[PDB]
Amino acid sequence: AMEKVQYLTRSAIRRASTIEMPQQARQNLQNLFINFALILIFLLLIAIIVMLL
């Protein structure tokens, strides 16, 4: 049967059907912390280069 297909689906739904501790809560907080920080630093960096070009 299409187990590999239902595999991604089970993992896509895992958050509500087979998730560990708050996997996406802890990952969404980490991603935002790392994405927000890198986006903020890249913005402050690109902004500084504008005045230091």
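Residues numbered from 1 in each chain as written, not as in the entry; some residues may be left out. Heavy atoms only, no water.

Looking at the method field of the entry, one finds solution NMR.

**Student:** Help me understand the UniProt feature "transmembrane region" in the protein in this model?
**Tutor:** According to UniProt, the feature "transmembrane region" maps to residues 33–53 in the numbering used here. With 90% helix and 0% strand, residues 33–53 has end C-alpha atoms that lie 29 Å from one another. (UniProt positions renumbered as here; feature names shortened; annotations may be inferred. Helix = DSSP H or I, 4+ residues; strand = E, 2+ residues; numbered from the N terminus.)

**Student:** It is not clear to me how a nonpolar patch on the surface should be interpreted in this structure. Could you clarify?
**Tutor:** A contiguous nonpolar surface patch, about 560 Å² in accessible area, is contributed by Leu38, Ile39, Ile41, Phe42, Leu43 and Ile46. Mapped onto the secondary structure, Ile41 falls in helix α2 (residues 23–51). (Patch = residues over 30% accessible without salt bridge, like charges linked within 9 Å, V, L, I, M, F, W, Y side chains within 5 Å. Areas by Shrake-Rupley, 256 points an atom, 1.4 Å probe, with all protein chains shown as cover. Salt bridge = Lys/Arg side-chain N within 4 Å of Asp/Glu carboxyl O.)

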